[PDB]
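Student: Before I ask anything, here is the structure I am working with.
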Amino acid sequence: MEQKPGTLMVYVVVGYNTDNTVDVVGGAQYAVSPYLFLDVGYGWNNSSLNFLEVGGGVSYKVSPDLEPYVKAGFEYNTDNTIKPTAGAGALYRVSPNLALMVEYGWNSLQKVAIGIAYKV
């Protein structure tokens with residue numbers, strides 16, 4: 001199955017990086033086509049480092065319960081640094097309004113992030 005183009009979802013996730021830092025990221029994923037989506041988000045890392053994240057990827061629905069996705073983008077850090085990031089995750093629908101979000105991502109720095117995705 002496909003995405004519904006125009007679907008807007010606000011998400012909030014907590015990510016645990018391999019360097020023993022922790023991110024909290026709030027943002028949105030907007031499906032622009034049946035399989036592509038844009039991703040924007042503002043994140044905070046517990047090493048005192050805010051970043052603006054912009055990117056996107058591919059996503060489809062295996063079932064009404066599972067929606068895998070792969071994504072890549074860039075994190076515009078508050079150290080005036082720009083770093084590339086990619087992710088691989090899925091959304092597990094738990095209500096018509098809500099979904100559980102899990103994502104494995106890499107930046108030689110890897111992270112696991114869990115959170116929720118609210119469909120607006």
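In the structure tokens, the first chain shown is A, the next is B, and so on; residue numbers restart at 1 for each chain, and ligands run from 1 in the order shown.
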Write out as JSON, numbers by chain the residues lying within 10 Å of residue 57 (chain A), counting only C-alpha atoms and excluding same-chain residues fewer than 2 positions away.

Tutor: {"A": [29, 31, 35, 36, 37, 38, 39, 55, 59, 69, 70, 71, 72, 73, 86, 87, 88]}

Student: Once you have the residues from the selection above, write them out as a PDB file, in the first residue's frame, restricted to C-alpha atoms.

Tutor:
ATOM      1  CA  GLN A  29       6.690  14.271   8.040  1.00  0.00           C
ATOM      2  CA  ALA A  31       3.862  12.812   2.275  1.00  0.00           C
ATOM      3  CA  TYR A  35       5.985   6.977  -1.735  1.00  0.00           C
ATOM      4  CA  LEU A  36       8.031  10.145  -1.057  1.00  0.00           C
ATOM      5  CA  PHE A  37       7.840  12.426   1.958  1.00  0.00           C
ATOM      6  CA  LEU A  38       9.521  15.515   3.361  1.00  0.00           C
ATOM      7  CA  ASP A  39      10.825  15.663   6.918  1.00  0.00           C
ATOM      8  CA  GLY A  55      15.378  15.846   4.594  1.00  0.00           C
ATOM      9  CA  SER A  59       7.885   5.131   2.595  1.00  0.00           C
ATOM     10  CA  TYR A  69      10.372   4.142   5.784  1.00  0.00           C
ATOM     11  CA  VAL A  70      13.942   5.049   4.913  1.00  0.00           C
ATOM     12  CA  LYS A  71      15.029   8.669   5.041  1.00  0.00           C
ATOM     13  CA  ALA A  72      18.077  10.884   4.728  1.00  0.00           C
ATOM     14  CA  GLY A  73      18.742  14.553   5.331  1.00  0.00           C
ATOM     15  CA  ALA A  86      20.137   8.842   7.293  1.00  0.00           C
ATOM     16  CA  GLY A  87      17.466   6.773   8.990  1.00  0.00           C
ATOM     17  CA  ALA A  88      15.591   3.502   8.679  1.00  0.00           C
TER      18      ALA A  88
END

Student: Which polymer residues have any atom within 8 Å of an atom of residue 97 (chain A), counting only C-alpha atoms, with same-chain residues fewer than 3 positions away left out, as a PyMOL selection string?

Tutor: chain A and resi 94+118-120

Student: Point out the residue among A:9, A:52, A:62, A:40 with the least atom-to-atom distance to residue 99 (chain A), counting only C-alpha atoms.

Tutor: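 Ranking A:9, A:52, A:62, A:40 by distance to residue 99 (chain A), first place goes to A:9.
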
Student: Assign secondary structure with DSSP using the backbone only, and return the residues of region 6-118 of chain A in strand (DSSP E) as a count of residues only.

Tutor: 83

Student: Excluding region 11-28 of chain A and residues on its chain fewer than 3 positions from it, collect all residues at most 8 Å away from it, counting only C-alpha atoms, and give them as an mmCIF file with N, CA, C and O atoms, in the first residue's frame.

Tutor:
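Below is the file around24.cif, written as the result:
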data_model
loop_
_atom_site.group_PDB
_atom_site.id
_atom_site.type_symbol
_atom_site.label_atom_id
_atom_site.label_comp_id
_atom_site.auth_asym_id
_atom_site.auth_seq_id
_atom_site.Cartn_x
_atom_site.Cartn_y
_atom_site.Cartn_z
ATOM 1 N N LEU A 8 -0.202 14.800 6.839
ATOM 2 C CA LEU A 8 0.723 15.509 7.710
ATOM 3 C C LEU A 8 0.729 14.832 9.069
ATOM 4 O O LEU A 8 -0.333 14.584 9.652
ATOM 5 N N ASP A 39 10.656 15.732 5.475
ATOM 6 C CA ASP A 39 10.825 15.663 6.918
ATOM 7 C C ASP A 39 11.539 16.926 7.365
ATOM 8 O O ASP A 39 12.585 17.279 6.815
ATOM 9 N N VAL A 40 10.949 17.619 8.330
ATOM 10 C CA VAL A 40 11.582 18.730 9.021
ATOM 11 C C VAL A 40 11.415 18.483 10.510
ATOM 12 O O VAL A 40 10.434 17.876 10.953
ATOM 13 N N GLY A 41 12.387 18.947 11.284
ATOM 14 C CA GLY A 41 12.327 18.746 12.714
ATOM 15 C C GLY A 41 13.357 19.551 13.473
ATOM 16 O O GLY A 41 14.442 19.835 12.959
ATOM 17 N N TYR A 42 13.015 19.937 14.697
ATOM 18 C CA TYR A 42 13.921 20.641 15.593
ATOM 19 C C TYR A 42 14.305 19.685 16.711
ATOM 20 O O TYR A 42 13.432 19.060 17.327
ATOM 21 N N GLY A 43 15.604 19.561 16.957
ATOM 22 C CA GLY A 43 16.085 18.605 17.925
ATOM 23 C C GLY A 43 17.050 19.212 18.917
ATOM 24 O O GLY A 43 17.705 20.221 18.637
ATOM 25 N N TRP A 44 17.133 18.598 20.091
ATOM 26 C CA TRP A 44 18.047 19.012 21.141
ATOM 27 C C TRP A 44 18.842 17.801 21.598
ATOM 28 O O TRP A 44 18.266 16.738 21.851
ATOM 29 N N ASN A 45 20.160 17.961 21.691
ATOM 30 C CA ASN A 45 21.059 16.914 22.152
ATOM 31 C C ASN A 45 21.566 17.282 23.540
ATOM 32 O O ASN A 45 21.924 18.437 23.790
ATOM 33 N N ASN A 46 21.581 16.301 24.445
ATOM 34 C CA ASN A 46 21.948 16.585 25.831
ATOM 35 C C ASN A 46 23.405 16.976 25.996
ATOM 36 O O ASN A 46 23.865 17.065 27.138
ATOM 37 N N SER A 47 24.161 17.196 24.922
ATOM 38 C CA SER A 47 25.476 17.810 25.013
ATOM 39 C C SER A 47 25.425 19.304 24.713
ATOM 40 O O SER A 47 26.459 19.901 24.393
ATOM 41 N N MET A 101 6.532 5.013 16.805
ATOM 42 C CA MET A 101 7.613 5.265 15.868
ATOM 43 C C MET A 101 8.902 4.707 16.443
ATOM 44 O O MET A 101 9.240 4.979 17.599
ATOM 45 N N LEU A 109 28.544 7.436 13.712
ATOM 46 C CA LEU A 109 27.672 7.645 14.860
ATOM 47 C C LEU A 109 26.297 7.082 14.526
ATOM 48 O O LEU A 109 25.673 7.512 13.552
ATOM 49 N N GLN A 110 25.838 6.117 15.320
ATOM 50 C CA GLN A 110 24.537 5.491 15.131
ATOM 51 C C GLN A 110 23.612 5.833 16.291
ATOM 52 O O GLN A 110 24.056 6.174 17.390
ATOM 53 N N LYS A 111 22.312 5.722 16.038
ATOM 54 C CA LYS A 111 21.331 6.066 17.053
ATOM 55 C C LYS A 111 20.088 5.209 16.885
ATOM 56 O O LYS A 111 19.748 4.780 15.779
ATOM 57 N N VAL A 112 19.423 4.958 18.007
ATOM 58 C CA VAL A 112 18.107 4.338 18.041
ATOM 59 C C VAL A 112 17.160 5.340 18.681
ATOM 60 O O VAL A 112 17.452 5.874 19.757
ATOM 61 N N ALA A 113 16.048 5.616 18.008
ATOM 62 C CA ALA A 113 15.074 6.584 18.478
ATOM 63 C C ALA A 113 13.693 5.949 18.515
ATOM 64 O O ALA A 113 13.314 5.208 17.603
ATOM 65 N N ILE A 114 12.956 6.233 19.587
ATOM 66 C CA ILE A 114 11.582 5.787 19.751
ATOM 67 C C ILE A 114 10.725 7.006 20.052
ATOM 68 O O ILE A 114 11.194 7.992 20.629
ATOM 69 N N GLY A 115 9.464 6.936 19.648
ATOM 70 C CA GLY A 115 8.574 8.062 19.833
ATOM 71 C C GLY A 115 7.199 7.750 19.290
ATOM 72 O O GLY A 115 6.866 6.596 19.014
ATOM 73 N N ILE A 116 6.394 8.801 19.154
ATOM 74 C CA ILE A 116 5.042 8.681 18.629
ATOM 75 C C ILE A 116 4.905 9.592 17.420
ATOM 76 O O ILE A 116 5.671 10.540 17.228
ATOM 77 N N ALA A 117 3.899 9.295 16.603
ATOM 78 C CA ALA A 117 3.606 10.071 15.407
ATOM 79 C C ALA A 117 2.114 10.355 15.379
ATOM 80 O O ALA A 117 1.304 9.427 15.281
ATOM 81 N N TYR A 118 1.759 11.632 15.481
ATOM 82 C CA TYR A 118 0.375 12.077 15.542
ATOM 83 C C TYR A 118 -0.044 12.592 14.175
ATOM 84 O O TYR A 118 0.654 13.422 13.583
#

Student: Looking at only C-alpha atoms, which of A:95, A:7, A:85, A:108 is the one that sits closest to residue 34 (chain A)?

Tutor: A:7

Student: Just checking: using only C-alpha atoms, which residue out of A:78, A:63, A:107, A:48 ends up closest to residue 1 (chain A)?

Tutor: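 Residue with the minimum atom-to-atom distance to residue 1 (chain A): A:63.
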
Student: Go through A:91, A:10, A:49, A:66 one by one, measure the shortest atom-to-atom distance of each to residue 79 (chain A) using only C-alpha atoms, and give the residue with the smallest value.

Tutor: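 Closest to residue 79 (chain A) of all the choices is A:49.
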
Student: Just to confirm, what's the straight-line distance from CA of residue 32 (chain A) to CA of residue 80 (chain A) in Å (one decimal)?

Tutor: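 Between CA of residue 32 (chain A) and CA of residue 80 (chain A) the gap works out to 29.4 Å.
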
Student: Report the distance between CA of residue 105 (chain A) and CA of residue 89 (chain A) in Å, rounded to one decimal place.

Tutor: 8.0 Å

Student: Write out as an mmCIF file with N, CA, C and O atoms, in the first residue's frame which residues come within 8 Å of residue 76 (chain A) when counting only C-alpha atoms, dropping same-chain ones fewer than 5 positions away.

Tutor:
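Listing of around-v4.cif after writing:
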data_model
loop_
_atom_site.group_PDB
_atom_site.id
_atom_site.type_symbol
_atom_site.label_atom_id
_atom_site.label_comp_id
_atom_site.auth_asym_id
_atom_site.auth_seq_id
_atom_site.Cartn_x
_atom_site.Cartn_y
_atom_site.Cartn_z
ATOM 1 N N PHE A 51 19.760 21.597 16.763
ATOM 2 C CA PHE A 51 19.959 21.444 15.330
ATOM 3 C C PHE A 51 18.622 21.481 14.608
ATOM 4 O O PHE A 51 17.610 20.988 15.110
ATOM 5 N N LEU A 52 18.643 22.066 13.415
ATOM 6 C CA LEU A 52 17.512 22.061 12.499
ATOM 7 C C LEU A 52 17.747 20.957 11.474
ATOM 8 O O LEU A 52 18.785 20.940 10.803
ATOM 9 N N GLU A 53 16.794 20.039 11.360
ATOM 10 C CA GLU A 53 16.917 18.886 10.480
ATOM 11 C C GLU A 53 15.942 19.013 9.318
ATOM 12 O O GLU A 53 14.760 19.310 9.524
ATOM 13 N N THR A 81 27.814 23.790 12.083
ATOM 14 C CA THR A 81 28.215 22.582 11.380
ATOM 15 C C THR A 81 27.005 21.973 10.682
ATOM 16 O O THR A 81 25.889 22.011 11.211
ATOM 17 N N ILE A 82 27.227 21.431 9.487
ATOM 18 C CA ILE A 82 26.196 20.744 8.714
ATOM 19 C C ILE A 82 26.649 19.303 8.526
ATOM 20 O O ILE A 82 27.718 19.055 7.954
ATOM 21 N N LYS A 83 25.843 18.355 9.002
ATOM 22 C CA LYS A 83 26.207 16.950 8.913
ATOM 23 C C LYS A 83 25.099 16.147 8.246
ATOM 24 O O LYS A 83 23.911 16.409 8.476
#

Student: Identify which of the residues A:30, A:77, A:106, A:60 lies closest to residue 3 (chain A), counting only C-alpha atoms when measuring atom-to-atom distances.

Tutor: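 Checking each candidate against residue 3 (chain A), we get A:60 as the closest.
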
Student: Rounded to one decimal in Å, what is the spacing between CA of residue 100 (chain A) and CA of residue 50 (chain A)?

Tutor: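 We find that CA of residue 100 (chain A) and CA of residue 50 (chain A) lie 24.2 Å from each other.
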
Student: So which one's closest to residue 58 (chain A), A:2, A:74, A:98, A:84? Using only C-alpha atoms, please.

Tutor: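 Among A:2, A:74, A:98, A:84, it is A:2 that comes nearest to residue 58 (chain A).
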